[PDB]
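Values reported hereafter were calculated over all heavy atoms of this structure, with side chains retained and with hydrogens, waters and symmetry mates removed. Residues: numbered from 1 along the sequence shown.
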Amino acid sequence: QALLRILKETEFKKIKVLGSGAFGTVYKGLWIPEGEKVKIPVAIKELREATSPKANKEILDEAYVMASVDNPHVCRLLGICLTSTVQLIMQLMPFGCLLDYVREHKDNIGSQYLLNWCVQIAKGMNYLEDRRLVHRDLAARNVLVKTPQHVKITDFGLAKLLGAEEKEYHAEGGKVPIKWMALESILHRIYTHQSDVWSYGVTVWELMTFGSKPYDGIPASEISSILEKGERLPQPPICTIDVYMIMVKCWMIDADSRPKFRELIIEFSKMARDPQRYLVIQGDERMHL
Ligand SMILES: */C=C\C(=O)Nc1cc(Nc2nccc(-c3cn(C)c4ccccc34)n2)c(OC)cc1N(C)CCN(C)C
Ligand SMILES: C=CC(=O)Nc1cc(Nc2nccc(-c3cn(C)c4ccccc34)n2)c(OC)cc1N(C)CCN(C)C
Ligand SMILES: C=CC(=O)Nc1cc(Nc2nccc(-c3cn(C)c4ccccc34)n2)c(OC)cc1N(C)CCN(C)C
Ligand SMILES: [Cl-]
Ligand SMILES: [Cl-]
Ligand SMILES: [Cl-]
């Protein structure tokens, strides 16, 4: 197995809590590696305590999968701290997650950034697939902006190997939001790369709507029926039909008829070459020839 860096609680401190959840608490903080002047801003994810021996065996699995992935569009682990409670330490992304980012800047985002982000997210998922990993929680909130030109996937807490037995530690946490999940996931607790492709669909939709809540104001109990009827999220205003066609293929009920991530890379790369053809945004200017 891998060798992970282990840090002393004294090497760093938690300034403030970026977020809170069933998973646990994640803080913003500062980290001075020993024998180094440099001060590094970090995110510190303090996990929830396990409530069973088997979950207590598994609570660190998250850190090992995160440490084993090496890809520019997937976030990495700096190390763990075990002193009292389990803490994963990662690089802070000061621009924050994409969901908030597109909300903060809905007036200022050009078509080229939106389509390049879709390419980057798909590349990272395609990497995870090559490694037999199923993320199970892809969402705009789980994509972080290192830079406008660089975005990364994250929240590996629910990630698992394809076909693996469900972990006892995953079951002791809160449930995934239904509104990003594929129908087969909802009905039978099946998860695959193709169920991740569905959540990519919703994620794209979130970005193209500049951060709207999927199925807003609807009860999660209705969602399974809606999907069975055949109803799907609407075409975002800025999207041409080519873009919406792609989202809609991601929500097809036969999982093996949805696109593969490698196909999404090709399609969205093509659009990102000529972005104003595929996304129509006011204030988006293409220079005259
Ligand atoms: C989508 C909300 C969000 O992440 N907001 C956010 C994030 C960051 N920076 C940052 N950098 C690395 C890791 C994380 C992070 C945060 N959470 C909750 C995580 C869970 C699992 C894995 C990684 C996680 N976050 C940031 O940098 C300062 C600011 C920020 N915002 C936008 C603060 C205000 N919002 C929370 C409303
Ligand atoms: C991670 C939590 C954990 O292991 N708790 C635990 C364990 C034992 N001893 C013990 N010995 C064998 C099995 C178990 C056990 C505990 N839980 C929750 C199980 C669930 C399924 C199957 C087995 C177990 N527990 C035990 O015997 C006195 C008591 C507790 N607690 C409830 C400790 C209190 N709290 C930390 C949960
Ligand atoms: C082998 C059966 C078993 O451990 N059942 C179990 C137990 C607990 N809670 C719990 N809490 C504290 C201790 C234990 C415990 C379980 N076993 C077997 C022990 C042996 C010695 C000492 C303590 C224990 N168990 C618990 O949650 C509170 C859940 C379960 N199960 C999931 C039922 C598993 N059963 C079908 C085998
Ligand atoms: Cl490249
Ligand atoms: Cl082309
Ligand atoms: Cl061409």
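Residues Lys45 and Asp155 are paired through a salt bridge, judged by an N-O separation under 4.0 Å between the basic side chain and the carboxylate. Ion pair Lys54/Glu165 not flagged as a salt bridge, since none of the NZ, NE, NH1 or NH2 atoms sits closer than 4.0 Å to an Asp/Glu carboxylate oxygen.
Closest non-hydrogen pair, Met271 versus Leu115, comes out as O-CD1, 3.7 Å. When all heavy atoms of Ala50 and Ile59 are compared, the closest pair comes out as N-CD1, 4.4 Å. Contact detail for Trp180 and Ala139: the closest heavy-atom pair is NE1-CB, 3.5 Å. Annotation for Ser52 and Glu168: closest pair OG-OE2, 3.3 Å, computed over non-hydrogen atoms. Shown here for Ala255 and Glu184, the closest heavy-atom pair between the two residues is CB-OE2, 3.9 Å. Summarising the geometry of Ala140 relative to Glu206, their closest heavy-atom pair is N-OE1, 3.0 Å, with the distance given to 0.1 Å.
Within the cation-pi definition used here (under 6.0 Å to the ring centroid, within 45° of the axis), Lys106 does not qualify as a partner of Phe210.
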Practice prompt. Applying side-chain contact (heavy atoms from CB on, under 4.5 Å), run through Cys118 and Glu267 and close with a yes or a no.
Written response: CA-CA 10 Å; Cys118 295; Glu267 270 295 288; over 6 Å; no
Item to complete: Dump the intermediate steps for side-chain contact (heavy atoms from CB on, under 4.5 Å) on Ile281 and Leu279, then the final yes or no.
Response: CA-CA 6 Å; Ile281 286 133; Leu279 293 177; 4.3 Å; yes
Item to complete: Verify side-chain contact (heavy atoms from CB on, under 4.5 Å) between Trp198 and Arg258, making sure each step is shown before the conclusion.
Response: CA-CA 8 Å; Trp198 179 299; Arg258 309 173 189 155; 3.6 Å; yes
Worksheet item: Going through the checks in order, is the side-chain contact (heavy atoms from CB on, under 4.5 Å) test met by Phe12 and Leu78?
Response: CA-CA 12 Å; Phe12 64 70; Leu78 295 174; over 6 Å; no
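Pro148 meets the side-chain contact (heavy atoms from CB on, under 4.5 Å) test with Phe95, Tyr101, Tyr113; sequence neighbours excluded. Residues that satisfy the salt bridge (charged side-chain N to carboxylate O under 4.0 Å, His left out) test with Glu231, not counting sequence neighbours, are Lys229. Here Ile218 pairs with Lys179, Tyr215, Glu222, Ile223, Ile226 under the side-chain contact (heavy atoms from CB on, under 4.5 Å) rule; sequence neighbours left out. Every residue two or more places apart in sequence or in another chain was checked for a salt bridge (charged side-chain N to carboxylate O under 4.0 Å, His left out) with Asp100, and none qualifies. Contacts of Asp216 classified as side-chain contact (heavy atoms from CB on, under 4.5 Å), with partners at least two apart in sequence or in another chain: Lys213. Under the side-chain contact (heavy atoms from CB on, under 4.5 Å) criterion, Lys57 pairs with no residue at all, not counting sequence neighbours.
Side-chain contact between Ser199 and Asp137 is absent, with no heavy-atom pair separated by less than 4.5 Å. Looking at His73 and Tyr127, their side chains never come closer than 4.5 Å, going by heavy atoms from C-beta outward. Between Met66 and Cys75, the closest side-chain pair of non-hydrogen atoms falls below 4.5 Å. Using a 4.5 Å cut-off on side-chain heavy atoms (C-beta onward), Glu58 and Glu172 make no contact. No side-chain heavy atom of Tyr64 sits less than 4.5 Å from a side-chain heavy atom of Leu77. Side chains of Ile246 and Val204 form no contact here, defined as non-hydrogen atoms less than 4.5 Å apart. In this structure the side chain of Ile89 reaches within 4.5 angstrom of the side chain of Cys81, judged on heavy atoms. Side-chain atoms of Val145 and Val151, non-hydrogen and from C-beta on, do get closer than 4.5 Å to each other.
Residues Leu183 and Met252 do not share a hydrophobic cluster, clusters being chains of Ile/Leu/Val/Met/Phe/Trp/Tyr side chains in contact below 4.5 Å. Both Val134 and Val176 belong to a common hydrophobic cluster when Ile, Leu, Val, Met, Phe, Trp and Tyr are linked at side-chain heavy-atom distances under 4.5 angstrom. Cluster annotation: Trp117 is not connected to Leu99 through the hydrophobic network of ILVMFWY side chains, with a link wherever side-chain heavy atoms come within less than 4.5 Å. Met245 and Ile266 fall into different hydrophobic clusters, where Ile, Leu, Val, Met, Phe, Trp and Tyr side chains are chained together by heavy-atom contacts under 4.5 Å. Under a hydrophobic clustering in which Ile, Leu, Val, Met, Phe, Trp and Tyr are joined whenever their side-chain heavy atoms come within less than 4.5 Å, directly or via other members, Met247 and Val202 fall into the same cluster.
Using a distance-only test at 3.5 Å, with no hydrogens or angles considered, a donor-acceptor pair links the side chain of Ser185 to the main chain of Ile190. Not a single donor-acceptor pair under 3.5 Å links the side chain of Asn56 to the backbone N or O of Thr51. Distance alone, capped at 3.5 Å, places no donor-acceptor pair between the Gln235 side chain and the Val243 backbone.
Ring geometry for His135 against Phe156 counts as tilted: the plane angle lies between 30° and 60°, on a 0 to 90° scale.
The CZ atom of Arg136 sits 13.0 Å away from the CG atom of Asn142 when rounded to the nearest 0.5 Å.
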